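Undergrad: Sharing a structure with you now.
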Amino acid sequence: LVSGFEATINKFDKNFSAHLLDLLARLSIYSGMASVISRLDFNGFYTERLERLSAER
Amino acid sequence: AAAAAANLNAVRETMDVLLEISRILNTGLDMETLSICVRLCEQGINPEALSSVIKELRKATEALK
Amino acid sequence: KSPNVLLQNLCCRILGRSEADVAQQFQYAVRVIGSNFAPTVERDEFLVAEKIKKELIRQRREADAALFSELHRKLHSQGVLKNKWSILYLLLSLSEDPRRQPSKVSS
């Protein structure tokens with residue numbers, strides 16, 4: 001099944017990408033400590049995908 | 001009255017002090033527009049909200065020019 | 001004052017147009033004011049004062065930064081405005097750095 005392969009993988013990928021961006025964000029809010037990010041994309045690929053959507057006031 | 005004319009002296013001074021502050025920071029507004037914004041601020045207002053309006057209403061009236 | 005008609009006086013000053021003619025633009029103005037009428041922060045007019053000094057110092061217009069130290073006292077002197085923080089918070093937001101042009105009209 002691709003209801004037992006691809007669907008589960010995509011669900012896991014959604015949750016994992018969400019948690020990964022959460023962790024990168026929670027270091028970026030305060031301010032080598034940035035070297036953890038600098039290592040993980042050494043190519044600068046997916047280097048920052050959140051451009052920070054804006055809020056009202 | 002007289003003490004109500006002393007208050008009109010006391011506000012005409014402040015509106016002029018804030019105008020000298022207005023020109024050294026080079027705002028696009030003048031004495032009349034500035035006279036509205038002190039009255040809003042006396043009641044209490046969000047200047048994070050007010051500044052987004054003014055950059056919009058001054059930006060969208062040259063399409064009616 | 002009553003802020004709903006007071007914002008209507010404001011759109012009569014910025015626009016040269018009648019407010020009985022155009023009312024769609026005044027609707028966008030009420031959209032932003034009456035959703036966040038209160039600021040998201042507390043009062044500190046001291047922190048905003050040391051960035052207007054910090055604005056004229058980095059341009060090396062240092063005679064005008066000491067003129068500004070005299071203008072900042074006068075706002076406290078009259079006390080006809082309850083939040084002197086917000087009127088300076090408003091004027092900092094509407095500022096630009098021209099990188100030219102220093103002149104005076106004080107006194």
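Order determines the names: the first chain of the structure tokens is A, the second B, and so forth; residues in each chain are numbered 1 upward, and ligands are numbered 1 upward as they are shown.
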Tell me, as an MDAnalysis selection string, which residues lie within 12 Å of residue 100 of chain C, counting only C-alpha atoms; anything in the same chain fewer than 4 positions away does not count.
TA: (chainID B and resid 24:26) or (chainID C and resid 56 59:61 96)
Undergrad: Take the residues from that selection and write them out as a short mmCIF file (atom, residue, chain, number, x, y, z; two decimals), in the first residue's frame, keeping N, CA and C atoms.
TA:
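After the write, part03.cif holds the following:
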data_model
loop_
_atom_site.label_atom_id
_atom_site.label_comp_id
_atom_site.auth_asym_id
_atom_site.auth_seq_id
_atom_site.Cartn_x
_atom_site.Cartn_y
_atom_site.Cartn_z
N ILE B 24 12.78 68.34 12.10
CA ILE B 24 14.12 67.79 12.20
C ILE B 24 14.13 66.30 11.93
N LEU B 25 12.98 65.63 12.06
CA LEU B 25 12.85 64.25 11.62
C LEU B 25 12.23 64.13 10.24
N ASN B 26 11.79 65.26 9.66
CA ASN B 26 11.34 65.36 8.27
C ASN B 26 10.11 64.49 8.01
N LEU C 56 20.38 61.74 15.76
CA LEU C 56 21.11 62.93 15.33
C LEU C 56 22.59 62.88 15.67
N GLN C 59 24.59 60.97 12.67
CA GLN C 59 24.77 61.83 11.50
C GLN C 59 25.85 62.89 11.73
N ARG C 60 26.30 63.05 12.98
CA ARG C 60 27.23 64.07 13.45
C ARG C 60 26.63 65.45 13.25
N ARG C 61 25.32 65.55 13.48
CA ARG C 61 24.64 66.83 13.63
C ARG C 61 24.47 67.09 15.12
N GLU C 96 12.46 59.92 8.58
CA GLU C 96 13.32 59.50 7.48
C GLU C 96 14.71 60.02 7.80
#
Undergrad: Residues of chain C were defined as contacting chain A if any atom lay at most 10 Å from it, counting only C-alpha atoms; please report them as a ChimeraX atom specification.
TA: /C:32-33,35-40
Undergrad: Save out the residues we just selected, C-alpha atoms, as a PDB file, in the first residue's frame.
TA:
ATOM      1  CA  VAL C  32      -6.531  48.746  11.525  1.00  0.00           C
ATOM      2  CA  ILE C  33      -7.340  51.110  14.426  1.00  0.00           C
ATOM      3  CA  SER C  35      -8.621  45.831  15.972  1.00  0.00           C
ATOM      4  CA  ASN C  36      -5.540  46.975  17.898  1.00  0.00           C
ATOM      5  CA  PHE C  37      -6.487  50.215  19.646  1.00  0.00           C
ATOM      6  CA  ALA C  38      -3.974  49.624  22.453  1.00  0.00           C
ATOM      7  CA  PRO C  39      -0.226  49.306  21.861  1.00  0.00           C
ATOM      8  CA  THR C  40       1.456  45.962  22.416  1.00  0.00           C
TER       9      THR C  40
END
Undergrad: So which residues of chain A fall under alpha helix (DSSP H) by DSSP, listed as a PyMOL selection string?
TA: chain A and resi 6-28+35-40
Undergrad: Could you write out the selected residues, including N, CA, C and O atoms, as an mmCIF file, in the first residue's frame?
TA:
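Full text of again-v8.cif as output:
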data_model
loop_
_atom_site.group_PDB
_atom_site.id
_atom_site.type_symbol
_atom_site.label_atom_id
_atom_site.label_comp_id
_atom_site.auth_asym_id
_atom_site.auth_seq_id
_atom_site.Cartn_x
_atom_site.Cartn_y
_atom_site.Cartn_z
ATOM 1 N N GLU A 6 3.471 5.756 1.409
ATOM 2 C CA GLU A 6 3.770 7.140 1.043
ATOM 3 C C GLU A 6 3.003 8.124 1.919
ATOM 4 O O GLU A 6 3.519 9.194 2.271
ATOM 5 N N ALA A 7 1.787 7.746 2.316
ATOM 6 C CA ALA A 7 0.945 8.609 3.137
ATOM 7 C C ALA A 7 1.535 8.803 4.525
ATOM 8 O O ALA A 7 1.603 9.932 5.034
ATOM 9 N N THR A 8 1.960 7.706 5.150
ATOM 10 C CA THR A 8 2.578 7.777 6.466
ATOM 11 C C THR A 8 3.867 8.586 6.429
ATOM 12 O O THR A 8 4.124 9.395 7.331
ATOM 13 N N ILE A 9 4.668 8.392 5.376
ATOM 14 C CA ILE A 9 5.924 9.117 5.200
ATOM 15 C C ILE A 9 5.671 10.606 5.069
ATOM 16 O O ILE A 9 6.368 11.422 5.681
ATOM 17 N N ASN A 10 4.636 10.980 4.315
ATOM 18 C CA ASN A 10 4.323 12.393 4.162
ATOM 19 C C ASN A 10 3.825 12.997 5.466
ATOM 20 O O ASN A 10 4.178 14.134 5.795
ATOM 21 N N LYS A 11 3.042 12.236 6.237
ATOM 22 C CA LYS A 11 2.569 12.717 7.535
ATOM 23 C C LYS A 11 3.726 12.950 8.501
ATOM 24 O O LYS A 11 3.814 14.007 9.154
ATOM 25 N N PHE A 12 4.634 11.972 8.576
ATOM 26 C CA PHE A 12 5.853 12.100 9.365
ATOM 27 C C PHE A 12 6.698 13.272 8.900
ATOM 28 O O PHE A 12 7.274 13.989 9.723
ATOM 29 N N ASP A 13 6.762 13.487 7.585
ATOM 30 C CA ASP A 13 7.580 14.555 7.031
ATOM 31 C C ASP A 13 7.028 15.914 7.403
ATOM 32 O O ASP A 13 7.794 16.829 7.722
ATOM 33 N N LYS A 14 5.700 16.051 7.368
ATOM 34 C CA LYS A 14 5.037 17.272 7.810
ATOM 35 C C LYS A 14 5.395 17.591 9.251
ATOM 36 O O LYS A 14 5.883 18.688 9.560
ATOM 37 N N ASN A 15 5.199 16.605 10.133
ATOM 38 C CA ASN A 15 5.465 16.816 11.555
ATOM 39 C C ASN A 15 6.945 17.076 11.818
ATOM 40 O O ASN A 15 7.299 17.946 12.626
ATOM 41 N N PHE A 16 7.821 16.394 11.083
ATOM 42 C CA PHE A 16 9.251 16.517 11.314
ATOM 43 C C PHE A 16 9.781 17.848 10.816
ATOM 44 O O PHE A 16 10.605 18.476 11.486
ATOM 45 N N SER A 17 9.323 18.290 9.642
ATOM 46 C CA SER A 17 9.717 19.590 9.124
ATOM 47 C C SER A 17 9.204 20.710 10.011
ATOM 48 O O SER A 17 9.908 21.707 10.219
ATOM 49 N N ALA A 18 8.000 20.540 10.573
ATOM 50 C CA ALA A 18 7.463 21.535 11.494
ATOM 51 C C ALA A 18 8.307 21.626 12.760
ATOM 52 O O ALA A 18 8.674 22.723 13.201
ATOM 53 N N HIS A 19 8.662 20.475 13.332
ATOM 54 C CA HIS A 19 9.513 20.470 14.520
ATOM 55 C C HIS A 19 10.918 21.000 14.225
ATOM 56 O O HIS A 19 11.511 21.692 15.067
ATOM 57 N N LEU A 20 11.435 20.737 13.024
ATOM 58 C CA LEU A 20 12.770 21.193 12.657
ATOM 59 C C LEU A 20 12.817 22.710 12.521
ATOM 60 O O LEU A 20 13.743 23.365 13.027
ATOM 61 N N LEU A 21 11.808 23.291 11.869
ATOM 62 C CA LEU A 21 11.762 24.744 11.778
ATOM 63 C C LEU A 21 11.527 25.383 13.142
ATOM 64 O O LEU A 21 12.082 26.452 13.421
ATOM 65 N N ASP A 22 10.741 24.723 14.009
ATOM 66 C CA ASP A 22 10.555 25.195 15.379
ATOM 67 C C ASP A 22 11.874 25.274 16.136
ATOM 68 O O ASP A 22 12.145 26.268 16.824
ATOM 69 N N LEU A 23 12.717 24.248 15.994
ATOM 70 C CA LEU A 23 13.976 24.240 16.733
ATOM 71 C C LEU A 23 14.932 25.300 16.203
ATOM 72 O O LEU A 23 15.630 25.952 16.990
ATOM 73 N N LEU A 24 15.000 25.461 14.871
ATOM 74 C CA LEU A 24 15.891 26.470 14.300
ATOM 75 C C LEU A 24 15.431 27.864 14.701
ATOM 76 O O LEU A 24 16.250 28.734 15.048
ATOM 77 N N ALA A 25 14.108 28.061 14.727
ATOM 78 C CA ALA A 25 13.526 29.327 15.139
ATOM 79 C C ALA A 25 13.831 29.634 16.593
ATOM 80 O O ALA A 25 14.160 30.774 16.930
ATOM 81 N N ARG A 26 13.761 28.627 17.460
ATOM 82 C CA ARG A 26 13.950 28.895 18.879
ATOM 83 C C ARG A 26 15.398 29.202 19.252
ATOM 84 O O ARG A 26 15.629 29.774 20.323
ATOM 85 N N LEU A 27 16.373 28.875 18.402
ATOM 86 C CA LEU A 27 17.701 29.436 18.603
ATOM 87 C C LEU A 27 17.833 30.810 17.978
ATOM 88 O O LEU A 27 18.551 31.656 18.528
ATOM 89 N N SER A 28 17.166 31.050 16.840
ATOM 90 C CA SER A 28 17.379 32.317 16.148
ATOM 91 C C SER A 28 16.779 33.509 16.882
ATOM 92 O O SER A 28 17.149 34.645 16.571
ATOM 93 N N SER A 35 26.665 28.086 15.039
ATOM 94 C CA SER A 35 27.433 27.092 14.298
ATOM 95 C C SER A 35 26.689 25.778 14.132
ATOM 96 O O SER A 35 27.062 24.970 13.273
ATOM 97 N N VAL A 36 25.654 25.541 14.936
ATOM 98 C CA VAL A 36 24.847 24.342 14.772
ATOM 99 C C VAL A 36 24.040 24.428 13.484
ATOM 100 O O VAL A 36 23.902 23.442 12.748
ATOM 101 N N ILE A 37 23.548 25.624 13.160
ATOM 102 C CA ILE A 37 22.816 25.776 11.914
ATOM 103 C C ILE A 37 23.788 25.801 10.749
ATOM 104 O O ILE A 37 23.565 25.135 9.727
ATOM 105 N N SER A 38 24.900 26.515 10.935
ATOM 106 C CA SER A 38 25.913 26.702 9.903
ATOM 107 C C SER A 38 26.506 25.375 9.441
ATOM 108 O O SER A 38 26.847 25.212 8.261
ATOM 109 N N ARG A 39 26.641 24.421 10.360
ATOM 110 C CA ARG A 39 27.097 23.094 9.980
ATOM 111 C C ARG A 39 26.027 22.342 9.206
ATOM 112 O O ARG A 39 26.337 21.698 8.198
ATOM 113 N N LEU A 40 24.761 22.424 9.650
ATOM 114 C CA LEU A 40 23.772 21.443 9.199
ATOM 115 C C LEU A 40 23.387 21.642 7.738
ATOM 116 O O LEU A 40 23.192 20.666 7.011
#
Undergrad: Here is a test: counting only C-alpha atoms, which residue of C:103, C:29, C:76, C:86 is nearest to residue 48 of chain B?
TA: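 Residue with the minimum atom-to-atom distance to residue 48 of chain B: C:86.
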Undergrad: So that I can check the surroundings of residue 16 of chain C, please list as JSON, numbers by chain every protein, DNA and RNA residue that reaches within 10 Å of it, counting only C-alpha atoms and ignoring chain neighbours fewer than 6 positions away.
TA: {"B": [61, 64, 65]}
Undergrad: With distances taken over only C-alpha atoms, which of B:50, B:63, B:3, B:21 is nearest to chain A?
TA: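 Under the stated criterion, the closest residue is B:50.
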Undergrad: Would you kindly report the residues of chain C within 9 Å of chain B, using only C-alpha atoms, as number ranges by chain?
TA: C: 1-3, 6-7, 9-11, 13-17, 25-26, 28-29, 32-33, 36-40, 52, 64, 68, 71-72, 74-75, 78-84, 86-98, 102-106
Undergrad: Would you compute the distance between atom CA of residue 34 of chain A and atom CA of residue 54 of chain A? Give it in Å to one decimal.
TA: 24.0 Å
Undergrad: What's the separation between atom CA of residue 29 of chain A and atom CA of residue 41 of chain A, in Å to one decimal place?
TA: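 If I compute the distance from atom CA of residue 29 of chain A to atom CA of residue 41 of chain A, I get 18.8 Å.
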